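Peer 1: experimental structure and sequence below.
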Number of protein chains: 2
Amino acid sequence: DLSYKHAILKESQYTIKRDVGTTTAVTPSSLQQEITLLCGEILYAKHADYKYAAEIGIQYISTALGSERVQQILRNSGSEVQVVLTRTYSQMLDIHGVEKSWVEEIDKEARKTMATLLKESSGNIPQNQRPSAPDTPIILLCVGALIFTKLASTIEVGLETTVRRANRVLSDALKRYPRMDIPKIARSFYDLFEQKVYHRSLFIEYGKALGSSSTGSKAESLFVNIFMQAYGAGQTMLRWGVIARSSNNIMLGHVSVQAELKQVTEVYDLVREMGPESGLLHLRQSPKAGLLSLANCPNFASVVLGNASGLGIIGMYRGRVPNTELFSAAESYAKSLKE
Amino acid sequence: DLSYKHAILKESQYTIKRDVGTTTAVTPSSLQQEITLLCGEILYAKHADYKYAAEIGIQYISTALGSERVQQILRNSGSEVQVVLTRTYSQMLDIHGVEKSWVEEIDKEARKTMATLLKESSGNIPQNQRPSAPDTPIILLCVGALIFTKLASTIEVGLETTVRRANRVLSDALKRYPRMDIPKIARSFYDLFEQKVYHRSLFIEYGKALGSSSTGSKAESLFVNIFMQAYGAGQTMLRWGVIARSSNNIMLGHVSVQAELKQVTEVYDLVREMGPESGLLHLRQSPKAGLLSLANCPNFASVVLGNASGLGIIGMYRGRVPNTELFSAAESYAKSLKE
RNA sequence: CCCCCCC
RNA sequence: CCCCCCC
RNA sequence: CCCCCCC
């Protein structure tokens, strides 16, 4: 059945159309040196409103890939959003859907903070501490990638995890910019990813275009590391299933587990059939996701969760254990094997 | 999963574009006999500012490979830096991005030192002690290659190691040039490698074009020796893992180590799949680096670090030991086997 | 319906 | 996130 | 870094 369902979904002669009357903003590569400034003036000043930081990160992505490539990416993502270009005025940027009041506020706040830290201090600002640093857009996109790995999770868990992991992953940027509010920027990125779902596709295309590069700075290598940490998002049950098989859990040989193993292997075969893009299904909110669910094998899922709980892997996972006896037996065996 | 991640990163139909509006300097081979002088006038005089010594070494590399080949190397490294040629004026060099005041200062300091060591002394300066010696650019690039092997490490460790190793590796040059400041030149090279990441690719291309040569002086053989000592930079955990396997550590047969051995072998298979260029991934800061991390196998990493600590190989390695009990058991077994 | 830990 | 010793 | 004896 599962192969037939995927065959129906894949073999479609008709293309969906959505967001027909909508538009979005991009910034041409000719403005990259400008957007960098903006992407850094968000980082070293303490701003009251961090509402459009995610849009500025996506603007930098658009400068990197190019306006035409970004339009093509949005078009092939199933969304008929018409790209609107970015202009300059007196210079500053007039990004579509980003209020000019916001850009002026961010620029003025950063200029005032820079003046205050230059007047009082000894005037020895290093090359990495200024807003026009060239890795500041990647530093903002690193907060974006941290909150990207938690798009399958909830908002509160995502924000808490982003802040916790960014105090260590982004320690160097925090030292360079003492006053960068990872919570508010992470909230902005979560809002962008939820509202504009095609920007998940744009962000993934940037991740690919960055990982495929021949050279990169440490910021881009960090961004790619986090982006790849997001790969199996929304499918931790499959990873824990292969973990359970590697652990040689005895309760995998139970009668009901052996009964469901056929369709479990069917799900894994479907994973292989989709191939490399299967991992990005839940990140993209591809409607085709959910063909990879193991919820139709309650006993296998309970055994997998029990094995994970025994090994300590389960952590604070919020999934359901359908069959509690199998869960407890598997947990006991996994603890015994671990000890 | 790891093979699929590498397949996504490798199979990209789009090329990244960075440093679009930026430019860099090269020196044509027709100026090599001139740049040599400069590359040696840094070595036998005591200069207040050693800021652009790395750029002068890279200029000599550009003379060696050629301006067009250097432009091609920069282009295939993922960076759209426009090469700017080097000119002469009254002769001395006007290198782009290198202030003429700096070049004049270095030349004047070297001329004054030469006059002082010729007026006071007996006037028996040998052929190797003069700035126009033809191995002086390679002597500077040897300090550059020493600090190249420490690009995965920190700045302070890199500088300390460079000075310590250069007092012995470069003893002959130090005898020839008593006043050459390995600390400041090493700092200059570290700054160049951090700022201009495409120059890592240029420096690697020089290493290849030198190792492939049919003949070479002792300076070039030393440079190639150090360059090859840099090969596995950023991946000492894989080298220590194969060391642990060679040591036949008993704790490799533990339950959790045997659990993680499958994906460990997956990482090693990915290493083989990338092939010869895998070692230069962390040296180049290739964003694709981090696919080779063994951080997702905490128990294997702890056992490997314990084995290294038992054999005395660990030295002062700053990596984390996730599971302390495995680390201590492996260290005890490794010491027992060593004794 | 699906998702949900850690890195 | 990754990296981190010695030669 | 490498090399280092004798014939």
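Peer 2: Right, received. Where do you want to start? Numbers count the residues shown, from 1 in each chain, chains lettered A, B, ... in the order given.
Peer 1: residue in the stretch 51-200 of chain A with the shortest distance to RNA strand E?
Peer 2: Closest contact between the stretch 51-200 of chain A and RNA strand E, by CB to the nearest atom of the strand, is at residue A:172 (27.9 Å). C-betas here are computed from N, CA, C, even on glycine.
Peer 1: tell me, how many residues neighbour that residue?
Peer 2: Residues near residue A:172, counting by other CB atoms under 10 Å in any protein chain shown, number 14.
Peer 1: ok, it to residue A:121 distance?
Peer 2: From residue A:172 over to residue A:121 the distance is 20 Å, taken as CB to CB, to the nearest Å.
Peer 1: now do the SS call for the residue of chain A most remote from its centre.
Peer 2: In chain A, counting by CA atoms, centre = their mean, residue A:122 sits farthest out from the average C-alpha position, at 39.8 Å. Here residue A:122 is recorded as coil under DSSP: H, G, I helix; E, B strand; the rest coil.
Peer 1: I figured residue A:212 hits residue B:10, correct?
Peer 2: Yes: contact between residue A:212 and residue B:10 holds when scored by CB atoms under 8 Å: they sit 7.2 Å apart.
Peer 1: so for these two, which sits in the more crowded spot?
Peer 2: More neighbours surround residue A:212 than the other of residue A:212 and residue B:10, with 20 against 12 (other CB under 10 Å).
Peer 1: pull the contacting residues for that one.
Peer 2: Shown in contact with residue A:212 (CB atoms under 8 Å, 6 or more residues apart in numbering or on different chains): B:9-10, B:12, B:14-16, B:288.
Peer 1: quick one: is the helix or strand containing residue A:175 near chain B?
Peer 2: Using DSSP states H and E, residue A:175 sits in helix A:171-176. No: applying CB under 8 Å from any CB of the partner chain, one finds helix A:171-176 separated from chain B by no less than 11.2 Å.
Peer 1: next SSE downstream of that helix?
Peer 2: Note on helix A:171-176: by DSSP H and E, the next helix or strand toward the C-terminus is helix A:182-195.
Peer 1: in that following helix, what's buried?
Peer 2: Judged by neighbour count (16 or more other CB atoms under 10 Å in any protein chain shown), helix A:182-195 contains these buried residues: A:182, A:184-193.
Peer 1: so which residues of chain A form strands?
Peer 2: Assigned by DSSP state E, the strands in chain A fall at A:23-25, A:82-84, A:87-89, A:92-94.
Peer 1: in chain A, which residue sits closest to chain B?
Peer 2: Residue nearest to chain B within chain A: residue A:212 (3.4 Å; CB to the nearest CB).
Peer 1: how close does that residue get to residue B:230?
Peer 2: Going from residue A:212 to residue B:230 by CB to CB gives 24 Å.
Peer 1: ok, residue A:122 next?
Peer 2: Here residue A:122 is placed at a distance of 38 Å from residue B:230 (CB to CB).
Peer 1: could you do residue A:177 as well?
Peer 2: The gap separating residue A:177 from residue B:230 is 32 Å, by CB to CB.
Peer 1: now residue A:282, nearest residue through space, not along the chain?
Peer 2: residue A:234 (2.5 Å; CB to CB, 6 or more residues apart in numbering or on different chains).
Peer 1: can you give me the neighbour number for the closest residue to RNA strand C within chain A?
Peer 2: Distances between chain A and RNA strand C by CB to the nearest atom of the strand are smallest at residue A:315, namely 2.4 Å. By the measure other CB under 10 Å, the count of residues near residue A:315 is 8.
Peer 1: equivalent analysis for residue A:148, please.
Peer 2: Around residue A:148 there are 26 residues (other CB under 10 Å).
Peer 1: do I have it right that it meets residue A:203?
Peer 2: Yes: the pair residue A:148 and residue A:203 passes the contact test of CB under 8 Å, sitting 6.4 Å apart.
Peer 1: shared neighbours, these two?
Peer 2: Common contacts of residue A:148 and residue A:203 (CB under 8 Å, 6+ apart): residue A:193.
Peer 1: tell me how many other residues surround residue A:279.
Peer 2: By the criterion of other CB under 10 Å, residue A:279 has 24 neighbours.
Peer 1: residue A:118: what's it in contact with?
Peer 2: residue A:125.
Peer 1: tell me who's in contact with residue A:182.
Peer 2: Residues in contact with residue A:182 (CB under 8 Å, 6+ apart) are A:143, A:162-163, A:166-167, A:170.
Peer 1: check these and tell me the two furthest apart.
Peer 2: Across the contacts of residue A:182, no pair lies farther apart than A:143 and A:167, at 11.5 Å, counting by CB to CB.
Peer 1: give me the more crowded residue out of the two.
Peer 2: Each of residue A:143 and residue A:167 has its neighbours counted (other CB under 10 Å); residue A:143 has more, 31 against 11.
Peer 1: run a quick check on that one versus residue A:163, I expect a contact.
Peer 2: No: taking contacts as CB under 8 Å, residue A:143 lies outside contact range of residue A:163: 9.4 Å.
Peer 1: could you pull out the residues contacting both of the two?
Peer 2: Common neighbours of residue A:143 and residue A:163 are listed as A:182, A:186 (criterion: CB under 8 Å, 6+ apart).
Peer 1: need the residues of chain A near RNA strand D, please.
Peer 2: Contact residues, chain A versus RNA strand D (CB under 7 Å from any atom of the strand): A:164-165, A:168-170, A:172, A:218, A:221-222, A:225-226, A:229.
Peer 1: state the distance from the nearest residue to residue A:128 once chain neighbours are set aside to residue A:82.
Peer 2: Spatial nearest neighbour of residue A:128, chain neighbours left out: residue A:176 (5.1 Å); criterion: CB to CB, 6+ apart. Applying CB to CB, the value for residue A:176 to residue A:82 is 38 Å.
Peer 1: just residue A:186 next, same as before
Peer 2: Distance, residue A:186 to residue A:82, by CB to CB: 29 Å.
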